[PDB]
A.B. asks: 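Dumping the structure here so I can ask a few things about it.
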Amino acid sequence: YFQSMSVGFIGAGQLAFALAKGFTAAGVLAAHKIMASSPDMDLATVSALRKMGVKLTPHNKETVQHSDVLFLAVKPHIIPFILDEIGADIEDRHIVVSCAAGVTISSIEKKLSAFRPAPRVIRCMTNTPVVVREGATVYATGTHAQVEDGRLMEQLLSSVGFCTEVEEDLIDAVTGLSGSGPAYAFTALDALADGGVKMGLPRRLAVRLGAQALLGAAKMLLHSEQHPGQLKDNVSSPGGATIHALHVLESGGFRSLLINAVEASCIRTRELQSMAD
Amino acid sequence: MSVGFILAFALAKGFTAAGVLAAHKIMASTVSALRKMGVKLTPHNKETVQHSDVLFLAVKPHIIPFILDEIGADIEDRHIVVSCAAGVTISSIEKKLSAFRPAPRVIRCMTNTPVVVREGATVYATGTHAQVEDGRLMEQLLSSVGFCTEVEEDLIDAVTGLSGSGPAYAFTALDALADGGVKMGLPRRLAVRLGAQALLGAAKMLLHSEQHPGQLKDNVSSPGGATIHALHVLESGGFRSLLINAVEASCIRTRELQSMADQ
Amino acid sequence: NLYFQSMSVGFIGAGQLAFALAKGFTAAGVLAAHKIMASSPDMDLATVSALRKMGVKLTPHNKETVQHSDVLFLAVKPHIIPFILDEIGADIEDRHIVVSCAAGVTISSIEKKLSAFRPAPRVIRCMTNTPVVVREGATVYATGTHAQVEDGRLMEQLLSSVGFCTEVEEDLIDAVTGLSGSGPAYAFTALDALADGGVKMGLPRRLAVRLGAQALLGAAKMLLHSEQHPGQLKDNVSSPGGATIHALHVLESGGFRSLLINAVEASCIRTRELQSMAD
Amino acid sequence: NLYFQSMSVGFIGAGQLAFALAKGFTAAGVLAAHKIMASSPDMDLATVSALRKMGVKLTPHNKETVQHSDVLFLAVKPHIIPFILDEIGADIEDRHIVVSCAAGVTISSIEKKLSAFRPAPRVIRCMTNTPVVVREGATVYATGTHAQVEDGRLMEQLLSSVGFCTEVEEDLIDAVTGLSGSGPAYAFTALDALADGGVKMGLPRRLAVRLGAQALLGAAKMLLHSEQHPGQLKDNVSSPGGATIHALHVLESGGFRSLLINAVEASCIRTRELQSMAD
Amino acid sequence: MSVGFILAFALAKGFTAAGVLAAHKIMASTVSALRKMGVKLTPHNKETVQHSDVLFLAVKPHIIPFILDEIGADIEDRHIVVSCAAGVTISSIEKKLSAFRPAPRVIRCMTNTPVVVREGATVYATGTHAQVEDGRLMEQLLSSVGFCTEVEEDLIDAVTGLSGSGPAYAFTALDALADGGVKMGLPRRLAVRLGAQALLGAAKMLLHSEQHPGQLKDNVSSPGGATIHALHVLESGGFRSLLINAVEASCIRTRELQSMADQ
Ligand SMILES: NC(=O)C1=CN([C@@H]2O[C@H](COP(=O)(O)OP(=O)(O)OC[C@H]3O[C@@H](n4cnc5c(N)ncnc54)[C@H](OP(=O)(O)O)[C@@H]3O)[C@@H](O)[C@H]2O)C=CC1
């Protein structure tokens, strides 16, 4: 559905690389329609992106001039410097998609609006699994984003994962759930593998089994019309190994730790922004 | 090049062991150890400044402003003033010295005691008027006693929490590891030696490896074995979270000390 | 100073420990890579191909390793050792020194198996660790009933080329396993966590890893070159009111010291179990 | 060596600290009991009658203590000190050295009050503890703005007769309060608990109390006469595998060390609050 | 009277400092310290027995049976064999020695390192053939380096848990107290001195007092004050229960060691 559209990344780190790789693997954009810029790009990222077909430049202004959709994939405190640098180069045609945690549409529009009125701004929160086209993305549309800009954004990010529109005031909470969530999963998978190794499994097999168990269970829940508590009941046979293991999770307050984590990440996201303003 | 001190012993021993500085090219302002090594010693902090090209400030965060008020009139355009004082900001030094002559060349250093065996961890930040070659000279000199790299000043608190306080974390761990060896039947001297050799060897393995520390943990924990059993008991006590707590607590205290220096 | 540079070394097992020792010995230059042979069941291991790239001879036949070797290291999971000793017992010759690195496996259990084939097998029990790969291992050994005096000296000379090495009574080896055998894994865990702490406080992860590892290496070296107690070095570096003593307090409040005692004890007890489960 | 045996000493307050110092001074023989006067609101205290039996002069009038004294100790609850200084400020003479043992009460707050009456009051701030009663106190002092050089020496000579004594900067006294000021109560608590442990394991309570107190006295003396770190002495006395290292493990698992850090900190912070609540 | 050793240094230093024994009347089987004090030294454990009247065994619980098998033929009717070896029961000593001559006079001692400054805590139990005057002589000799009293042998495990391990508890407490002093701003050397002086003074106050330790706690905790605030934080961590745990753990380990000696 995207024939001539070109995409740019300001930033070439973990998230920009994941999105660019997922977009190209999706085939929704020709790789040569993608440009990425950063001032000191790691030579291994240069090599991988070049082999992918992505165009590269140190000059953010070239990315702006190449792009129709412009992703801001720098650290949150870098956003206002970027907006000052490129603000005079924003055109009517641009959609500016901020991926930065915490950074409000309001703050981006106030910077850009000093240069040309009505910047079209979308704020999104995604996660690194876009790199395997299983990301979880939400976006909120800015004051001057045309209704079709949101639709275009959704169609584009839907090619690398789940994607849905939210009110901007949910994004910090999403950040604490699906933005940080992969790190919770990787922590859990490392520990589950340690557990399998303690009970006699080779590490390589433990890592594989644990990751496959998690992927399968998550897919079961997504494809099920059932409450996760009901799936827990379905697979916990009376007197069995699983309900014994669930008891030891409950005794250490397992559930409360995950709630603590979502809360901690969301709150930190709010604090950082309140320091930015 | 001449170097002066006003952690002081550790760097002078490390420098001289490195052969980067002759001992006598170094004046100071513990005394029998320095005099033995060949280090000139003087009580009058003013003599140290007149003698030196690169001037280290190794005094408590409380004794820096009084050191600067004393020797401020004596700083020349040639000097590089390198501050290792915990929590003393570049701003508070420049502010004091600028009253005497403008554009003082100031570098803030965050190093640790293992420079004394030339295995320190050092970062430095360059001040307003430090020329580019001043920071290159600093890196070259401090690289002779360990790792050295440049950082922004606003990361020195974090570095303090990690490699600044780090050796104390390790000394604590080695004392406890030795208590464990002794509980299980080892003589104390053997337990201390083995535990310290295990930490050094593991740190070197990581430093020479292109591998994540978790990957090295994976590689050495055989299935069902003694090591994975022991890792589990570490995990059940929240071992990892305590070390995060420590880096955080030391970094945060350093920010409080920077606040006092800036007031 | 015994001459051993021309002798042949075999490993039964081609895993992490065999790789580590073979790498350390060849990097020390004390043995030629073609003097080393290793046998293993599974060849599609990363360690089998690493041995191959070093120039070590690889084979699936344990007898061939035994016939090649003068010094024979046993570096397989413990419960495997009786099946190995049954398989190769008839191939042990008078020239062989058998060096068991199998954790928990006692000299007695080895000598009992091997004695059924030839009397007076020369056996040495070894406890070492993976940092021999960077020539900073921590190794202890105990000599068996028929080990000659020069066997112990040869073992000490060889293993000193890749780190600290000293003779102990056999009844210490289980505690050594809990301390320096498992010790590197405690250190890797600590370094991961310290780097997470550095990242929490604003450092890039690569720098935090480097700084934390350098801090631990340097502190460990300081202690080894000091004649001082680790508590004295802790005292010497903790300035009044400063950042370090504040961090040490939060370590103490979580019982940091007790966790490391708990770990040494747990590893040592598990090592004792593994022997008892064998016997 | 200053001569002070004939001088007169007053205490405003007749509580535990006044009793302890008066007892310690008289037991050291450095002052005559009739040279000491103490004033207090309530006379039906056990400490008032103990002072009486020692031969100390007791009175309800703080002015009379001031007129009697050359050295004047303030040993009342802190919030009382401003009302005392208002009451007796006009009676301070040039001969007086005022020695405040009120915890937290700063030299500044005292000098400000007393300066309204006569300029240059000679003030010393003291932090001591109850074991001066057995001449084993731990005392520090800081000299005020108008304290002569000999005032500090006189104070050190006097307080050294009842224990350790040294001069400090005033900004250490709050931390000293948390450590050796409160320290005896930590020790009494520990001794009660250790004796309960002895009773649990079969000892009669009287013996357990004696053995535990003697163990602590002896260990403390060993440390003071050693040039060694307490961790080194801990190492020296903990035999491998033995009873002591097993007990030290259970101490560590409850975070014993952190509780004592917590206590010093809590006492020091409370002392800082009490000054701030005053100011 | 002649005394021999085969904790050994601590008693010999304490005895000689006490003037109860001339240094040369003592033979032993750390070496420069003893030789300096005037203590005869010999490698051959047999020479020590021939020299001595009262014979101390200061070796690991593991090295006692081999010491007894060595010198057993040399024990005479005059000897009192005093064992300080941790966990070695009177029964296991008498059993070994009785093979050589019947009725060996054996005393089991539980003392601690502060005998080196003559403030030890010692209990002793008399063996099957120890005459009444043997235990009186023991009490008189050990009273010169600290407290000494007789107990039943089945209380020595408890005493071990309390005053045997006690000094290690105190060294640990003094290190932590000093960390606390340092955290709050004190120099380390001052913090160590003050904390040790506070413990010594408090222990002496209790020893000289006719008062319960809780009464002394009450007497020194002023209402609302710094001390009662600090006691509360001790209570919230279960401080008292940890010390009970410690005495129990050391006593129980001593019973396990007695079981090994008796097997
Ligand atoms: N990683 C994740 O899981 C997620 C990240 N995000 C958000 O995405 C943004 C980036 O995250 P991440 O990719 O992890 O951070 P990285 O640190 O991995 O990459 C940061 C990038 O910003 C670049 N950069 C810095 N200054 C400039 C500049 N002046 N002009 C252009 N590029 C510059 C860096 O350049 P150089 O290459 O020269 O260093 C680097 O390429 C953050 O705001 C984060 O919140 C959102 C969801 C999840």
Side-chain angles (χ1 to χ4, degrees), chain D residues 16 130-131 134 136 138 164 175 177-180 182-185 187-188 191-194 196-198 201-203 211-225 230-231 233-234 237-238 242-244 246-247 250-251 254 256-257 259-264 266-268 270-271, chain E residues 86 113-114 117 119 121 147 158 160-163 165-168 170-171 174-177 179-181 184-186 194-208 213-214 216-217 219-221 226-227 229-230 233-234 237 239-240 242-247 249-251 253-254:
Chain D
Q16 296 296 338
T130 315
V134 290
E136 287 298 341
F164 173 69
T177 308
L179 175 56
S180 52
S182 298
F188 301 142
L191 285 173
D192 195 31
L194 287 161
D196 283 342
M201 306 318 288
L203 299 169
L211 290 175
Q214 184 68 39
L216 290 211
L217 195 156
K221 185 181 183 189
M222 259 188 88
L223 184 55
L224 293 166
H225 288 46
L233 295 180
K234 176 269 284 176
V237 306
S238 302
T244 295
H246 277 69
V250 300
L251 289 180
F256 178 76
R257 286 160 176 275
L259 301 188
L260 292 164
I261 305 174
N262 285 344
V264 176
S267 173
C268 175
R270 178 62 178 180
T271 300
Chain E
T113 55
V117 292
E119 289 292 355
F147 172 70
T160 297
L162 179 55
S163 56
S165 304
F171 301 142
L174 289 166
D175 192 32
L177 284 165
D179 286 342
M184 301 322 280
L186 302 177
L194 289 176
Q197 180 67 40
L199 289 212
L200 190 156
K204 185 183 185 196
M205 249 185 101
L206 185 59
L207 286 169
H208 278 49
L216 299 186
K217 182 267 281 154
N219 295 352
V220 305
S221 306
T227 295
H229 278 68
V233 306
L234 291 180
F239 183 72
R240 295 163 173 270
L242 305 186
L243 291 159
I244 303 179
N245 288 348
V247 174
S250 168
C251 177
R253 180 51 175 171
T254 301

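By convention in this document, chain letters (A, B, ...) are assigned in the order of the sequence lines, proteins followed by strands, and residues within each chain are numbered from 1. Basis for what follows: all heavy atoms, side chains included, without hydrogens, waters or symmetry-related copies.
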A.B. asks: Can you list the steps and then say if E/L207 with D/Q214 is a side chain to side chain contact (heavy atoms under 4.5 Å, CB included)?
C.D. replies: CA-CA 8 Å; E/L207 286 169; D/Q214 184 68 39; 3.8 Å; yes
A.B. asks: Say you draw a straight line from CG of E/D179 to CZ of D/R257; how long is it, rounded to the nearest 0.5 Å?
C.D. replies: 7.0 Å
A.B. asks: Any non-hydrogen side-chain atom of E/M184 less than 4.5 Å from a side-chain atom of D/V264?
C.D. replies: yes
A.B. asks: Just verifying a value: how many Å separate D/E136 CD and E/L200 CG, rounded to the nearest 0.5 Å?
C.D. replies: 5.0 Å
A.B. asks: If we define contacts as heavy-atom pairs under 4.5 Å, which of E/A246, E/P167, E/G185 has the most with chain D?
C.D. replies: E/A246
A.B. asks: Any non-hydrogen side-chain atom of E/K217 less than 4.5 Å from a side-chain atom of D/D192?
C.D. replies: no
A.B. asks: Measure the spacing between CZ of E/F171 and CG of D/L233 and express it to the nearest 0.5 Å.
C.D. replies: 4.5 Å
A.B. asks: Measure from the side-chain N and O atoms of D/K221 to the backbone N and O of E/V117, and report whether any donor-acceptor pair falls under 3.5 Å.
C.D. replies: yes
A.B. asks: Mind checking the CG-CG spacing from E/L206 to D/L191? Nearest 0.5 Å is all I need.
C.D. replies: 5.5 Å
A.B. asks: Among D/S267, D/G198, D/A175, D/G183, which has the most heavy-atom pairs under 4.5 Å with chain E?
C.D. replies: D/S267
A.B. asks: Can you check whether D/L203 reaches E/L162 side chain to side chain, under 4.5 Å on heavy atoms?
C.D. replies: yes
A.B. asks: Which pair of non-hydrogen atoms, one from E/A168 and one from D/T244, has the smallest distance, and what is that distance?
C.D. replies: CB-CG2, 3.4 Å
A.B. asks: With sequence neighbours left out, what residues match D/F164 under ring-ring contact (aromatic ring centres under 6.0 Å, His included)?
C.D. replies: none
A.B. asks: Looking at E/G161, E/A196, E/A170, which has the largest count of heavy-atom pairs under 4.5 Å with chain D?
C.D. replies: E/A196
A.B. asks: Select, from E/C251, E/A230, E/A198, the one with the greatest count of heavy-atom pairs under 4.5 Å involving chain D.
C.D. replies: E/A230
A.B. asks: What residue in D/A193, D/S238, D/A138, D/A266 has the most heavy-atom pairs under 4.5 Å with chain E?
C.D. replies: D/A193
A.B. asks: I'd like to know which of D/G242, D/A219, D/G254 tops the heavy-atom pair count under 4.5 Å against chain E.
C.D. replies: D/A219
A.B. asks: Looking only at heavy atoms and a cut-off of under 4.5 Å, which of E/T160, E/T254, E/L234 has the most pairs with chain D?
C.D. replies: E/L234
